[PDB]
Amino acid sequence: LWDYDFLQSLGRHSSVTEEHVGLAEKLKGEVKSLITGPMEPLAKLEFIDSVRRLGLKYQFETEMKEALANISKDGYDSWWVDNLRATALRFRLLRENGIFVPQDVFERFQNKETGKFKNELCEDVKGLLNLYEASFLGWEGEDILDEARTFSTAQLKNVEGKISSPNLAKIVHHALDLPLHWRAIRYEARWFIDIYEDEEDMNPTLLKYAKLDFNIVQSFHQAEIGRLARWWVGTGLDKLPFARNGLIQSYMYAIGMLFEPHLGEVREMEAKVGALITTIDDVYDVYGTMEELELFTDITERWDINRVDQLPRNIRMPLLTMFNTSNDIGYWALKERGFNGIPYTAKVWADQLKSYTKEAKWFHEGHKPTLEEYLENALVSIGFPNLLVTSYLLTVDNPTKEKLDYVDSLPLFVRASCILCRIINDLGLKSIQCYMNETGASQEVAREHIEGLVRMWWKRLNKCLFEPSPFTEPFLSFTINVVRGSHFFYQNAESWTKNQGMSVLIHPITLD
Ligand SMILES: CC(C)=CCC/C(C)=C/CC/C(C)=C/CSP(=O)(O)OP(=O)(O)O
């Protein structure tokens, strides 16, 4: 996975035929019919959840929303009322699909005195699991869902080792590591294909479609990786001391942000930006002198490369690649979207290098920022304002200066995502140490505080998605999915990473 000879040859061929593609068109039609067609409502919720978890929401979003809307406007509730598993699955799938369900659907499962969940639930594994997964769709002040999380976490930890079904035990272990709401879609799809195949409820048409679609999508990723590896070797940044494997790390993160084939060009551009972010992060952290870094920053602020030959080669090359790629991406927006994006790529790079320079000056002067002071800068230095403003530039319908100026100002929805990506990275001049310095907290207490900030910012993202937004798809999804990418990659670590890379990007799923 780390060999550019091997990567640069990916895309050359694929074992995905026109026969595979026709078969895929036929299976898609039956799955679409299964989602729209008759089924008992609990079975339909479980089917739609399986479609999502197999990575296929992008193929059936309209059918799934229509089916859930039907179910939501029912009037007949006997199928779910008094059933924890049914109540919790309904609550989750409706909230995920923009249909509001109040937290009070769970009040009947509580002790009316203490507000604690009933002891009699402690044995219901599938109920606890659905309640756990449901809890992460909660908003600020939804106290029943905060209790549901703490209760279902404690109970699932308790019962995990008591489960008889191996498949169910693996699912519970997976959930305790990360809830489904926090998992990167493409990576979870590869994991869940093998789990689903072993489920007793398993639908073989849906399994077969999931394997075939997985392989077809993966052939697009392999062509992208080819083009990106050839680009990267073209830049000569593969040969620089630092950011060993930056390209493939960037691309693997990009796949968490957006995996769909129709977003290939956008994904390649995000991946280039990410490769440069990680490369230049090393320049500012390890390699450059303060004078070199100040010049790098000043050149970028003025978007004026007159003085670039004052920098040494190993710094000039990253700078000019950043400049050239930013111009290319802004130009793509002009050619493809009618809107010159260079002012916006130049601006987010200037902002990011300013945030690196501030970190470098803090380090050099031995400054201890407050957690708030650190995060105000570190939500920029993490690179997600740069990555998200770029993704908006490339995907927004009818781009305008007004629209770009708004997204670039980092309203709550966007800022929440950036802060989350930063604090998740730090949990993986750092969040925990800053909070320790500010309050005298222990590492253990400081870590729990930062963890509570993750849960808080997630509740704000969740609520922002039920609110009318000036944003549309795919940007709404990008903002959530960069956070999932962060969770996934900040839980050998390199053996785990390579397996993820090999199973998701390199090896097709065996079809019979
Ligand atoms: C979504 C997408 C298109 C790609 C994202 C690309 C990447 C890799 C972005 C994350 C930024 C990182 C990991 C830089 C170091 S964080 P740090 O400086 O706090 O940590 P360090 O001290 O360098 O380990």
Side-chain angles (χ1 to χ4, degrees), residues 184-187 221 224-225 228 231-232 237 241-260 263-288 293 318 322 325 329 345 348-349 352-353 355-360 362-363 369 374-375 377-395 414 417-434 450 474-475 477-491 493-494 497 500-501 505:
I185 298 166
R186 187 61 172 174
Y187 294 96
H221 297 162
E224 296 169 6
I225 290 163
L228 288 168
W231 167 76
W232 190 235
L237 302 185
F242 30 86
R244 211 207 132 213
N245 306 322
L247 197 258
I248 196 58
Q249 173 189 37
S250 173
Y251 185 74
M252 283 184 71
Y253 223 130
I255 287 286
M257 184 185 186
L258 78 170
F259 70 83
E260 298 99 305
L263 288 167
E265 287 190 283
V266 171
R267 173 170 45 265
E268 287 179 37
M269 281 179 279
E270 298 290 312
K272 290 175 171 195
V273 177
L276 284 167
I277 286 171
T278 189
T279 301
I280 293 164
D281 180 57
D282 292 344
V283 170
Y284 274 70
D285 178 49
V286 163
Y287 194 71
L293 300 187
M322 164 204 77
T325 296
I329 292 173
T345 60
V348 291
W349 271 108
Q352 189 154 351
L353 299 194
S355 80
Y356 289 168
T357 304
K358 180 165 286 184
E359 280 171 357
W362 288 347
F363 176 74
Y374 167 73
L375 286 178
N377 189 65
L379 76 86
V380 181
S381 73
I382 194 65
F384 283 96
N386 182 346
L387 293 161
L388 287 171
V389 170
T390 302
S391 70
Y392 185 78
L393 170 65
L394 299 176
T395 61
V414 183
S417 176
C418 302
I419 288 165
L420 275 158
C421 290
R422 163 54 66 196
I423 65 181
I424 295 165
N425 195 297
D426 289 9
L427 281 172
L429 306 179
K430 298 282 165 116
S431 298
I432 295 174
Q433 298 93 308
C434 284
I450 301 310
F475 185 69
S477 292
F478 296 165
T479 306
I480 308 303
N481 282 319
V482 294
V483 183
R484 293 173 168 164
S486 307
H487 284 296
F488 189 58
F489 285 120
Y490 296 99
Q491 302 184 240
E494 101 122 299
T497 298
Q500 291 300 143
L505 296 177

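The analysis underlying the following values was restricted to heavy atoms, covering all of them including side chains, and did not include hydrogens, waters or symmetry mates. This chain uses plain numbering: 1 for the first residue, then up along the sequence. Whatever order the structure lists ligands and atoms in, that order sets their numbers, starting from 1.
At the top of the distance list for atom 6 (C) of ligand 1, counting protein heavy atoms only, stands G274 CA, 3.7 Å. For atom 4 (C) of ligand 1, the nearest non-hydrogen atom of the protein is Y253 CB, 3.6 Å. In this structure, atom 14 (C) of ligand 1 lies nearest to the protein heavy atom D281 OD2, 4.1 Å. Protein heavy atom at the shortest distance from atom 17 (P) of ligand 1 is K430 NZ, 3.8 Å.
Ligand-side atoms of ligand 1 in range of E270: 3 (C), range being under 4.0 angstrom from any heavy atom. For ligand 1 and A254, the ligand atoms under 4.0 Å from any heavy atom of the residue are 2 (C), 3 (C).
Between the side chain of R267 and the backbone N or O of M257, no donor-acceptor pair lies under 3.5 Å. A side-chain donor-acceptor contact under 3.5 Å links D426 to the backbone of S431.
Note on ring orientation: taking the six-membered ring where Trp is involved, the planes of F489 and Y253 are tilted (angle from 30° to 60°).
Between the side chains of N481 and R484, at least one donor N or O sits under 3.5 Å from an acceptor N or O. Side-chain contact, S381 with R422: a donor N or O sits under 3.5 Å from an acceptor N or O. Checked by atom type, the side-chain pair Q500/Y187 shows no donor-acceptor distance below 3.5 Å.
By the 4.0 Å heavy-atom criterion, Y284 is excluded from the residues contacting ligand 1. Heavy-atom separations between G485 and ligand 1 are all 4.0 Å or longer.
Using a 4.5 Å heavy-atom cutoff, the side chains of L387 and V482 are not in contact.
Contacts between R422 and ligand 1, counted as non-hydrogen atom pairs separated by less than 4.0 Å, involve the side chain only. Neither the backbone nor the side chain of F478 has any atom closer than 4.0 Å to an atom of ligand 1 (non-hydrogen atoms only). Using a 4.0 Å cut-off between heavy atoms, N425 contacts ligand 1 through its side chain alone, with no backbone atom that close. The side chain of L387, and not its backbone, has at least one atom closer than 4.0 Å to an atom of ligand 1 (non-hydrogen atoms only; side chain from C-beta on).
Smallest separation of non-hydrogen atoms from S417 and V483: OG-CG2, 3.5 Å.
Ranked by closest heavy atom to atom 10 (C) of ligand 1, the top entry among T279, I382, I255 is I382. Closest heavy-atom approach to atom 13 (C) of ligand 1 within the set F489, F384, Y490: this belongs to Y490.
Each of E268, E224, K272 was scored for a side-chain hydrogen bond (donor to acceptor under 3.5 Å, both in side chains) with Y251, with one residue passing: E224.
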